[PDB]
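Form deposited in one PDB entry, single chain, as structure tokens, below.
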């Protein structure tokens, strides 16, 4: 029942345009990454947190973490140039075979309820993601000019966490690294493997990712609402 969580936090936050890691931005007085860490530190089934960071920020994370009452162990692991590389470095720090969750540092509003439903699906079938139905029309665009329209009734917008049996995720990462496949999520690595299957748990539209400046306004309102 017990899991480890790998939290990629090693990005620069270029689209957020804060002039520093977006994850140090304060929401209601506490950095984004502190909100995210708190969800896992307060969740009884989380044994360990592996937080993947840019090595230049390590002393800053050391300080930052010492100011807060985290009781669960938090290991700082250096990341890489892309999220996938960062995730793989974090996963190599997990010590025993078990269920592992990978969760973006930039999603601070994940709830214990959804974490619970994912771990259950991963335990049964191996690989589970949070997701929500797409509501907008999606099209592909070449040089600000439409090339085609994707059918939407079956389309879903994927969230984190994504939950996996460690062995299965490590195998997906190792194959992807050897072949040069760079996926945008951990699920797509598993999908690329022969016989790879991923299941969907419906998530909350409040589990937003903080990516652009307008996402900070949505974030403040979600906080105030709860």
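Residue numbers count along the first chain shown, from 1. What we label the rigid core is the largest C-alpha set whose atoms superpose within 1.5 Å from one form to the other.
A second form of this protein, the form deposited in another entry, is not displayed here; the remarks below concern that form.
After superposition on the rigid core, displacement of the C-alpha of residue 210 between the shown form and the other one stays below 2 Å.
Once both forms are overlaid on the rigid core, the distance between the two CA positions of residue 25 between the shown form and the other one is under 2 angstroms. A decrease of at least 3 Å in the separation of the C-alpha atoms of residue 67 and residue 18 is found in the other form, compared with the displayed form. Between this form and the other one, the CA-CA gap for residue 12 and residue 103 narrows by 3 Å or more, being smaller in the other form.
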